[PDB]
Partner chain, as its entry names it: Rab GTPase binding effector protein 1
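Have a look below at one chain only, the form solved without its partner chain, in structure tokens format.
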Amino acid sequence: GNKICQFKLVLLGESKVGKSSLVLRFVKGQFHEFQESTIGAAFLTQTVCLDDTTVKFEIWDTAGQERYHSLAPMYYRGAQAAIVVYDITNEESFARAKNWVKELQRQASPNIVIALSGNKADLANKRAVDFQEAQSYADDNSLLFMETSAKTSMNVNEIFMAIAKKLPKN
């Protein structure tokens, strides 16, 4: 196909859940076991093939530490999509993700597509957040949910592609 679309996407979530790892896996096909905490935000782009459309993603990978919370609006303000990420081995991170979801639903664009990533799914032997519970939460709040693993690549390309498919392309 010859159609070309571009969308702004932002990732939000508690520090250490794997936001930078998810983006690097999607964008560069890389995974760094020793990835350092982000300062403020990092920016990356990736283009994918979606049927007859070439979709370019402008991605804002925000720093999750609470001291950067006040900068969040700068990154999600004009976002057409967001991925709120939590760590399936950390219930605290899951609760924090729900609060990010609430903030987006109240302050970001009203038509924003919000996906929920239950990351570090490769660490299921240390699971603290039930898959079905997370699925129910996501269903009740109209969020696109998938458990993912930046480490193995499980559902990484899939969650970004699922978002691309749901964004307006006429």
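Residue numbers count along the first chain shown, from 1.
Participant: Averaging only over Cα atoms, indicate whether 11-19 or 158-166 has the higher B-factor in the PDB entry.
Facilitator: Comparing 11-19 with 158-166, the higher average CA B-factor belongs to 158-166.
Participant: Would 28-36 or 97-105 have the larger average of its C-alpha temperature factors, as given in the entry?
Facilitator: Here the higher of the two C-alpha B-factor means belongs to 28-36.
Participant: Take the CA temperature factors straight from the PDB entry and tell me which of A128, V48, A121, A134 peaks.
Facilitator: Answer for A128, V48, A121, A134: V48, with the highest C-alpha B-factor.
Participant: Going by the entry, which third of its chain does the Cα temperature factor of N141 land in?
Facilitator: Tercile = middle for this residue's CA B-factor.
Participant: Split into thirds by Cα B-factor across the chain's modelled residues, where does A63 land: lowest, middle or highest?
Facilitator: It falls in the middle third of the chain.
Participant: By its CA B factor, does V55 count among the lowest, middle or highest third of the modelled residues in the chain?
Facilitator: Its C-alpha B-factor belongs to the highest third of this chain's values.
Participant: Could you look up the Cα B-factor of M74 in the entry and say which third of the chain it sits in: lowest, middle or highest?
Facilitator: Its C-alpha B-factor belongs to the middle third of this chain's values.
Participant: Comparing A115 with the other modelled residues of its chain, is its CA B-factor in the lowest, middle or highest third?
Facilitator: It belongs to the lowest third of the chain when residues are ordered by C-alpha B-factor.
The following text describes the form solved in complex with its partner chain, which does not appear among the structures shown.
Participant: Should the three residues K98, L104 and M154 be counted as contacting its partner chain in the entry with it bound, with contact defined as a heavy atom within 4.5 Å for each?
Facilitator: No.
Participant: So which of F131, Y137, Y68, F31 gets a non-hydrogen atom within 4.5 Å of its partner chain in the entry with it bound?
Facilitator: Comparing distances to its partner chain in the entry with it bound, the residue within 4.5 Å is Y68.
Participant: Could you tell me which one of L144, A42, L50, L123 places a heavy atom within 4.5 Å of its partner chain in the entry with it bound?
Facilitator: The residue from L144, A42, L50, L123 that makes the contact is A42.
Participant: Does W60 reach its partner chain in the entry with it bound if we count a contact as any heavy atom within 4.5 Å?
Facilitator: Yes, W60 lies within 4.5 Å of its partner chain in the entry with it bound.
Participant: Within a 4.5 Å heavy atom cut-off, is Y75 in contact with its partner chain in the entry with it bound?
Facilitator: Looking in the entry with it bound, residue contacts with its partner chain include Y75, since a heavy atom lies within 4.5 Å.
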